[PDB]
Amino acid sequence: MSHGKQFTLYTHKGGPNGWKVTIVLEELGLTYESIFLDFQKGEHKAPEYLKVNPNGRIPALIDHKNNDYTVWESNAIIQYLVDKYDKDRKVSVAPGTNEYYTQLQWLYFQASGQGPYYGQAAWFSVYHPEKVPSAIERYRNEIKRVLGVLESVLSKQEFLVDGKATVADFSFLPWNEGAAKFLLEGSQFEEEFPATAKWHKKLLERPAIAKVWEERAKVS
């Protein structure tokens, strides 16, 4: 491609799910061009992009070193990336093992248990055209539930897929940061979910991830 990096990444300056992918890209030392879409201008619903993802959401990924193979859904992308490009197993477990499917389990918990429900909280709190306290409450409570699920595990073992930091852990970061900052009361995160918070903060301190967060902060 013209930008000359291995990957095109369709993403967004603010939402968590593009940064979710970016984290793994950086961890794997891969090169990528971030294409930031403007939702306000409906760029995610435009014909050109719908070609890339007919869901018209971000993120999506094009691998210019693989016959411009294109894939979307953040955790699908992430699976592609570690499987193909983490053969040394820095931040992932091997395909074709029991552990792989525990890894996958946690990725699915992330993509279907954390993201969607956190996002409903996001929506109703700020962006819903009327305030609905019952709806707000519902999804506030679910955030707490999900966090409690994580706490129940992380208090007993260091990482989700026991033994080592993996993408399974990384995948939770952007949504959990959102919640820590704007969906929960300040200090509720540290107080109520001490294990999870430690696990989260330490991960953000990985050099690669810290790098990405810096960039995140910049396009704030």
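Numbers for residues come from their place in the sequence shown, where the first is 1.
> With respect to the recorded C-alpha B factors, which stretch has the higher mean value, 47 to 55 or 185 to 193?
The deposited B-factors put 185 to 193 ahead on the C-alpha mean.
> Going by the average Cα B-factor in the PDB entry, point out whether 121 to 129 or 82 to 90 comes out higher.
Averaging CA B-factors over each stretch, the winner is 121 to 129.
> What's the residue among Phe170, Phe39, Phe36, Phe159 with the greatest CA temperature factor in the PDB record?
When the deposited C-alpha B-factors of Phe170, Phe39, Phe36, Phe159 are compared, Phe39 is largest.
> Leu61: which third of its chain by C-alpha temperature factor?
Tercile = middle for this residue's CA B-factor.
> Using the temperature factors of the C-alpha atoms in this entry, rank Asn67 within its chain: lowest, middle or highest third.
Highest third.
> Can you tell me whether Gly15 has a C-alpha B-factor in the lowest, middle or highest third compared with the other modelled residues of the same chain?
As the PDB entry reports it, the C-alpha B-factor of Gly15 lands in the middle third of its chain.
> Among all modelled residues of this chain, ranked by Cα B factor, put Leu28 in the bottom, middle or top third, i.e. lowest, middle or highest.
Middle third of the chain for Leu28's C-alpha B-factor.
> Ranking the modelled residues of this chain by C-alpha B-factor as given in the entry, is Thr166 in the lowest, middle or highest third?
Answer is middle: the recorded C-alpha B-factor places it there.
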